[PDB]
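Shown here is one chain on its own, the form deposited in one PDB entry, set out as structure tokens.
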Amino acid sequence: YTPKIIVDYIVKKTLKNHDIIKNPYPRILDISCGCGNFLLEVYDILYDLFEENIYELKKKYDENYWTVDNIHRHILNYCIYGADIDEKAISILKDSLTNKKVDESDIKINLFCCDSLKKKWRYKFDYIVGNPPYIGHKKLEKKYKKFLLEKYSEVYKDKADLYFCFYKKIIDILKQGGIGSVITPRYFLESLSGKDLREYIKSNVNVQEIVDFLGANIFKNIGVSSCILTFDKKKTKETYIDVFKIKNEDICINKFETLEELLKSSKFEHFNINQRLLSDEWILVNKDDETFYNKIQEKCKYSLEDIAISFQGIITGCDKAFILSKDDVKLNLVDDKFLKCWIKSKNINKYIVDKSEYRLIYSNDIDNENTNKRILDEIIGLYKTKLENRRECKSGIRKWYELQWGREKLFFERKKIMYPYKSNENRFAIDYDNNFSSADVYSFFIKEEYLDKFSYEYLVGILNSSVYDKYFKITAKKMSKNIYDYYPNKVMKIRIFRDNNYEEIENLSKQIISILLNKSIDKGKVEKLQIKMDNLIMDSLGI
């Protein structure tokens, strides 16, 4: 059930400027209505609009058809259309709409109990509103997913979600110059799975307004990040998009009378984006952030992908069989040649990695089971059956006791930079102990030919600065509240510079690292040093 304030805002967005005199026959459709939250409000708005202009309609059009008593009949016969796959919800909505008037003559209501995706829609609609489903995400039957792939290949592919198709349908059954307004998950704005959907939306309909609630819990006790999309197929020319991005993600929806108050308050920021300039990722930032990003982009000759090699950590496939506490007695049963240091995302802070508390048994270096039978029977064998169910173990590529994805040792066993894949701030650390990591920590090392131009200390100095924190967070994907995804497809696109301030920045980074490494630890001066470094970086970027 969509919150009432959201429904009211969507309906008002769709209908507030409709010319009832010019077209007293608007078709307003809810593809997925359920209990009918949108359609009841649409009925109330339409009744008020008709009763407001009833005498003008009577003068212009037929004088006998346009009477106050006949408004209910007209609305239910020509104006309101709803669809659903639940018969009980359809019957409830039908009963509610019938009771909206309170049997002399036959009354017809345009309600459909069918699959909106597989329905042959007879005619298009002036206004389309509502809330596509999200409860069924990956529970679609194999035949249904095949149908979606075959019939919705332009928006649905593999990991695409169901509601994507709804968008396409809503665009297709929309009358020329009509208006659509939906509330959906916001994930398609930034997820790679929705690139086709975003291109389909951009090239067909003019988007008017995007309300981005980010991680704010719009739906009570439901963990979905929602956004409201409004669009039209009118003959516009410039097609600028209003964007209302939330600022405080901890606000309460119920603490406002109307959504206009919330949007116009300090809890939201507004900015305009030229639709013709939209990229594939749909980067939505204000003027100041855009200028900041542009200055940093034009000031930096190199990028991390240009000067570094990135890789994902070890994926054992069963961590319980290969990861042990470094004080475990079973580590006396494993030759120290096969033991590597193991760290977690919690072990990585700025500029340094904590001492590894865990050891990884690099079982890929074990040749035969006869020599090392003790390890394979008393430590790793405890999960053999589960180890036997891995895909490569079943296919014969990988032996049962080996790591499923052991990567390359020489990648990990070198001076490199490691960072967690999900964090609230930039945390890039220089690894000195040849640490191995799971997939929750990504790593990269500087290319051989760029070692003379860039040093690891300088890289972690600039990358951990507040300037680069803002620079990354501008275009980073926000997967949850106060959490950013740090994946190579975004991290390796970070652009880096080098100028006359390089040596001082490197020296400050070395000072911070040395302070962080010693015994008598108090952060203190580090912060001060950081501040100076940031000044230099801003001096380098003219910001």
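Throughout, we count residues from 1 along the sequence that is shown.
Across the other compared structures of the same protein with both neighbouring residues present, residue 249 carries coordinates in every case, with no third of them leaving it out.
In none of the other PDB entries of this protein that model the residues around it does residue 141 lack coordinates, well short of a third. According to the PDB entry, the deposited sequence contains 4 to 9 residues between residue 102 and residue 103 that lack coordinates. Per the PDB record, of the two stretches 501 to 509 and 487 to 495, 501 to 509 carries the greater mean B-factor over its C-alpha atoms. Mean CA B-factor, 414 to 422 versus 209 to 217: the higher value falls on 209 to 217. Annotation for 353, 228, 376, 259: 376 ranks highest, by Cα B-factor. The residue among 433, 154, 242, 306 whose C-alpha atom has the highest B-factor in the PDB entry is 154. Annotation for residue 530: C-alpha temperature factor in the lowest third relative to the rest of the modelled chain, per the entry.
Residue-level temperature factors show residue 396 in the middle third of its chain, judged at the C-alpha atom. In this PDB entry, residue 65 carries a Cα temperature factor that places it within the highest third of its chain's modelled residues.
When the CA B factors of the chain's modelled residues are split into thirds, the value for residue 171 lands in the middle one.
Per the deposited record, the Cα B-factor of residue 518 falls in the highest third when ranked against the other modelled residues of its chain.
There is also a form deposited in another entry; it is not shown, and the following applies to it.
For the motion between this form and the one not shown, residue 261 lies in the same rigid part as residue 7.
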